[PDB]
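**Q** sequence and experimental coordinates follow.
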Amino acid sequence: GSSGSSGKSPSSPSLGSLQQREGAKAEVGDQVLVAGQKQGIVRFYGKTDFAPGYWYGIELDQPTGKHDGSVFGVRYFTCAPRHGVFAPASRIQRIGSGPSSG
């Protein structure tokens, strides 16, 4: 019983990193994982118009994307019909950690 003595709650909304300048986990031209399932590669990284914050225009291999490259008329990258998928970085994961290694 009883959590502790005094407490352990934060005074302000702070995290490991959520106030950097153009910060990001992945980058364009790297293998990622949308929602820890759909495996793709970031083709376009930048803020969209339909939604705030930043997004990753990752392209899929099979016709199963959210859109065909353009979202609500706004285009970001060129991809096959229903291939591009925009998901929050925090929602995306990284698979590769070295473009030139062996």
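**A** Yep, it's here. Numbering: from 1, shown residues only.

**Q** how about residue 72, nearest residue that isn't a chain neighbour?
**A** residue 50 (5.1 Å; C-beta to C-beta, 6 or more residues apart in numbering). Yep, even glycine has a C-beta here, placed from its N, CA and C like the rest.

**Q** how about the spatially most central residue of the chain, what does it touch?
**A** The residue lying closest to the centre of the chain (C-alpha atoms, centre = their mean) is residue 89, at 2.3 Å. Counting by C-beta atoms under 8 Å, 6 or more residues apart in numbering, residue 89 makes contact with 24, 25, 26, 54, 56.

**Q** likewise residue 62?
**A** The contact partners of residue 62, taken as C-beta under 8 Å, 6+ apart, are residue 83.

**Q** mind listing what's buried in stretch 23-30?
**A** 26, 30 (16 or more other C-beta atoms under 10 Å).

**Q** hang on, I meant stretch 67-82
**A** 67, 69, 71, 76, 77, 79.

**Q** pretty sure the fourth one sits against residue 84.
**A** The one in question is residue 76. Yes: counting by C-beta atoms under 8 Å, residue 76 touches residue 84, with 7.4 Å between them.
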